[PDB]
């Protein structure tokens, strides 16, 4: 059993490692840094970047061992600029920035309202209403274009879509972000979210002491972005709280996540509002970029697009129109979302701090070490996925359940997987049902679109789609 120090490594100097990382690859290509590192060191390595050292793994078999020894209250890497903002400006923290018993308490509360089948079944008509309106927007744009046809970059529209969707299941109220004339304050919120992520990157491998010193301007801009996030989340929650007392009726119809938490949960109001803030901010840039990638992948692979349409048409007929029923009848659609997140993870890595010592690849890794699963590098790895550059949803249907062992990692694992996983799955699946029924998707002068690291992974450049009424 080899000691920790024997794990392949660029070296022990974190600032030198950081220097070589910045000059050769760059901060916005961290996902490539991982790929190259694995090609250089083999299937496991350690790297100190600035002050933080991680062990990095790629093999689903090492992944399984990692998540096997996970404790009751797991911890992932905390993003230093995010943590500092919350501490210094004393903002209430949600489930994302809590650990141990305080994390569990929020998570358990939130799980009853956000992850539980009994609760999540209520999301269906709320998300469908938004998706149906998105389809209307595009139909309007086709009519207006006068060519039976619409071409355009719909990123901003996908951000507005994702925002209507998360706000609708939380508040049970439409924000009108899919209308022709849009709330400019709600837009200012949507933009702050992207700014928060983008401005995170120059500060990523530095202790807070070095932020204000070498990234003063970035820190300033980062703080302004979180201020918008928090201001408007507070206003939303607070208005909701008072309007509840103004209309005070024990409604029998479903009204949204917030109503349920405020009316019957163990959480304090301040805890609730902290988590409303995080769920809102978490929901805008994640589902939107993933859908964009999906549409891109359907445009790149027209046969696969044809198959998915046929599945959804069959499913709408077989279910005689009912959405709840449809969702149990689209296994290829669900697999295609899994296939989209493999090629295009939102999260470059998953991370866990070990609670106990652990052996991986005959190396001894001591308790409290950060271990990172290189999710991006994994999905591109030709030894772990057959023909990895090919978008093939059937891959997830294979009854050879050796082929999918610890491969579906886009939303993470165990008790501290994505909190918004059901919202995201349901929102994207419903979004794609509606699109597939209404439009054929193409990209004129199609080319390979790469990935940039903006804390979340995002496309490197715009994608201009063409839509045809089906």
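Positions refer to the first chain, counted from 1.
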- On average, are the C-alpha B-factors higher in 314 to 322 or in 341 to 349? 314 to 322
- Note on the structure: As the entry reports it, the stretch among 388 to 396 and 221 to 229 with higher mean C-alpha B factor is 388 to 396
- In terms of CA temperature factor as recorded, identify the highest of 85, 296, 194, 363. 363
- C-alpha B-factor winner, where the candidates are 285, 128, 164, 270: 270
- Message: Considering every modelled residue of the chain and its Cα B-factor in the PDB entry, is residue 256 in the lowest, middle or highest third?
- Response: highest
- Quick one: classify residue 456 as lowest, middle or highest third of the chain based on its Cα B-factor. lowest
- Note on the structure: Among the modelled residues of its chain, the C-alpha B-factor of residue 367 falls in the third labelled highest
- For residue 173, does the deposited CA B-factor place it in the lowest, middle or highest third of the chain? middle
- Mind checking which third residue 27 falls in for C-alpha B-factor across the chain? middle
